[PDB]
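Structure first, commentary second.
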Amino acid sequence: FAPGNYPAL
Amino acid sequence: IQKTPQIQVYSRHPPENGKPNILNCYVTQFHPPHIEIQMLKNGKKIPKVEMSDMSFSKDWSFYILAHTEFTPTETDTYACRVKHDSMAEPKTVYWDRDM
Amino acid sequence: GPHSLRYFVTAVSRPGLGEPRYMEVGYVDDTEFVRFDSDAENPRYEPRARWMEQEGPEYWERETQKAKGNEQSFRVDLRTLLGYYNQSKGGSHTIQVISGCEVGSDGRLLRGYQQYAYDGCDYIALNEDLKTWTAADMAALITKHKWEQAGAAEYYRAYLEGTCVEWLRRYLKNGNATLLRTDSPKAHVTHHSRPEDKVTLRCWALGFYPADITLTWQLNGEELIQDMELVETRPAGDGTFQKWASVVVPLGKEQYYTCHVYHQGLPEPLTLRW
Ligand SMILES: *[C@@H]1O[C@H](CO[C@H]2O[C@@H](C)[C@@H](O)[C@@H](O)[C@@H]2O)[C@@H](O[C@@H]2O[C@H](CO)[C@@H](O)[C@H](O)[C@H]2NC(C)=O)[C@H](O)[C@H]1NC(C)=O
Ligand SMILES: *[C@@H]1O[C@H](CO)[C@@H](O)[C@H](O)[C@H]1NC(C)=O
């Protein structure tokens, strides 16, 4: 199950 | 960073003429990611080659595998041709069945 | 033994050629099991291991939607970094991320991580405490400050301790026949002549799983790890791995050198010679 929300840099 | 790819060509099983096997071309330690990889049989592109096992190491360099099924004969030759910005021209590495 | 669930993500801009290429590749231990590639004509998350046939259509739909969302966030990141580093929009740049969790033999969390890189260099990473981030330069410090105000580490920590561990346990159960198997290495030694009455002895280890293995050459009970050459362990196209290690020795004295192979599938290590 992949990470759902990579925060914007 | 500009890192030149290491190109390794090898079969899954020790080669025996007339028996099914798998040929691999593992391209590693490169950067940037853009790259072209082709497998050749007697100088002609092999169709339907499978690309797999893409990953990167601790220093961020890229790794990827190209492979295909094949039945070696005494005189058929196989190679892997790679094009990357770190090199002036495409690099062709041949399968050495005696390595 | 311990097991891991990892996701490798890459976003590459290509000015003048359209949208960035975006890829996600997932692994359970050293076996590829899922993949997403924006350059397919119908980008969808797809199975890469046979046992993933056990998930229903809803699993694939959900992973696909997440990937498309991630693709857009990284597209924005590429523009943002041009600003942080004062770079032009004409060149290609790369963002890389590795996320994962690892559990012990009992299935409990051992460690978790998430690290980012820009153009092949460390950018920002989660500390072992899973509470704070460490930045490699002033651009990443701006990112650190943003993430602290947004509570990014808390959300990722929840994924690691919950979702990540629970699904890793499920994959190990569903794909037990593949993931918990042990394939023993089969070895052999090749011989090659060279200039100056020397010879190259190459020890090969084939068809094994898991990937961890040790190959050494000995002379009178002592290891020659120094003058030894080798290649990193590599995949062989069918879910197994291979490796070789060589040493240069004097002609006529090949019988005094021995290759040793240690692996999970070898109750007693292998010892062989030319
Ligand atoms: C791998 O585990 C199975 C049990 O799990 C199988 O069935 C489901 C629960 C699901 O997890 C599926 O993905 C998985 O393949 C083992 O099979 C069991 O073996 C015992 C031996 O005593 C039998 O009594 C059970 O009937 C049998 N269950 C099944 C599959 O019907 C299986 O042995 C194991 N693989 C290996 C290493 O052989
Ligand atoms: C950004 O680079 C341009 C030249 O490419 C320069 O004129 C400008 O002053 C730079 N700004 C910063 C923040 O250094």
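Chain C is numbered as in Swiss-Prot, which gives 22-295 for the residues shown.
Every residue, even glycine, has its Cβ placed from backbone N, Cα and C.
For C:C224, the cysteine that Swiss-Prot lists as its disulphide partner among C:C185, C:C280 is C:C280. Taking Cβ-Cβ distances under 8 Å and a sequence separation of 6 or more, the neighbours of C:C122 (disulfide bond) in its chain are C:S25, C:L26, C:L130, C:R132, C:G133, C:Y134, C:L181, C:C185, C:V186, C:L189.
Contact annotation for chain A: of the listed recorded positions (C:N107, C:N197, C:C224, C:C280), none places its CB atom under 8 A from a CB atom of that chain. For C:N107 (N-linked glycosylation site), the Cβ neighbour count at a 10 Å cut-off comes to 7, with all displayed protein chains included. Comparing C:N107 (N-linked glycosylation site) with C:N197 (N-linked glycosylation site), their Cα atoms are 50 Å apart once rounded.
When the Cα atoms are compared, C:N197 (N-linked glycosylation site) and C:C224 (disulfide bond) turn out to be 31 Å apart.
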